[PDB]
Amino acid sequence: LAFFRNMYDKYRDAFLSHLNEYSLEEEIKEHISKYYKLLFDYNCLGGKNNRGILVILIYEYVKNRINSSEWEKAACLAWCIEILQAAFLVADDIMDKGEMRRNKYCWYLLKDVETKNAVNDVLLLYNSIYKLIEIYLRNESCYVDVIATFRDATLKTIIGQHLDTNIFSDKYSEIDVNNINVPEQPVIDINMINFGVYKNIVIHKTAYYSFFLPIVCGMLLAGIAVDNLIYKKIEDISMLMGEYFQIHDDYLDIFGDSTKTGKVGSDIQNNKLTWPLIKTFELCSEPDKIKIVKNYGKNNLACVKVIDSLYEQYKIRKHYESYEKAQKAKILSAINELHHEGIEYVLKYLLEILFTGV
């Protein structure tokens, strides 16, 4: 764990090093190294580090101890999930018109960067992962399985980000290849406001890259055979934990303190299908439905305020806290079926520090 924290530089600088081998003029090489050193630092640091720490812990509690060449490979994988997070979050804030990420301006918003650099930079962060895994793990037998898990995790996430972004779109509620002029007015689709659709999305956008991937990396490296039925159990727990983590997130979009969360709430105005939106539709009077249809998805104070107060009226904070309690018990029940005492402690521990880090 202190190996992880202290070895950020190592992996950052191993990748910067690879590009310094490019056939470029020395001045150009210097400019690239400055730009890219910032892109990693700005975008990979400042968070809780829960995914990376998970890789480290799973790895340790699966093995009976671990040399520093072994740690160097696990912390590699751990940082690569933290680079994956970076890439995803850079793109998310473009998609969601983010203002603040980890208490600092979103990367795409910087005048030195903009959306043109940010898009190129997502691709860079994402490909650095695979270069770093080649550097530290090409000779391991889990090597192909590790790179497969990253790419399949990433594909699931890309699908869920697509659904998060289009579930209410006109495309769905034939795509028009002739319209570049007539913008679509954000409206909610009431046929999509149920927990079934919500789960399809949050499992895909959150659960795979955030829980499944880092646990599987820890296990693949520690050497659990890919045909072991523990991986399926692990997948089922990841889905429970993923939906749990994402609901807490949706909850913070309205109830959090932007100085503590490090980001600014935007789901109402960005027309998202969130747990609060679904719970309220489940509970609210028929005229309040007409009221959510009218006011949701509008970057307008009085419109957002209507929604906030319907969430105040329908006691969404209380319904959340009773979801947290019921879902946590559900996760713990599944963890207790794992028949691996090492992984169980880790996942119990994770579940405690999930919202805070540590």
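We call the rigid core the largest set of C-alpha positions that still match within 1.5 Å between the two forms. Sequential numbering from 1, following the sequence displayed.
- In a rigid core superposition of the other structures in 8 other deposited structures of this protein, 100-108 and 175-183 differ in how far their CA atoms stray, and the farther one is 175-183.
- Modelled in this chain, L163 is likewise built in all the other compared entries whose models extend past it on both sides, so a third of them omitting it does not occur.
- Figure legend: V197 is marked as modelled in all of the other comparable entries of the protein, none of which omit it, let alone a third.
- In this entry, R65 and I66 are separated by 1 to 3 residues of the deposited sequence that lack coordinates.
- Counting the deposited residues that fall between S173 and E174 and carry no coordinates gives a value of 4 to 9.
- Legend: mean Cα B-factor per stretch from the PDB entry, 183-191 versus 76-84; the higher mean is in 183-191.
- Of the two segments, 303-311 and 44-52, the one listed with the higher mean B-factor is 44-52 (C-alpha atoms only).
- As recorded in the entry, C284 carries the highest CA temperature factor of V177, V216, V202, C284.
- Ranked within its chain, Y231 lands in the middle third, by CA B factor from the PDB record.
- Among the modelled residues of its chain, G160 has a C-alpha B-factor that falls in the lowest third, as given in the PDB entry.
- In the deposited entry, the Cα temperature factor of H339 sits in the top third of values across the chain's modelled residues.
- Annotation for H18: C-alpha temperature factor in the lowest third relative to the rest of the modelled chain, per the entry.
- Ranked within its chain, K111 lands in the lowest third, by CA B factor from the PDB record.
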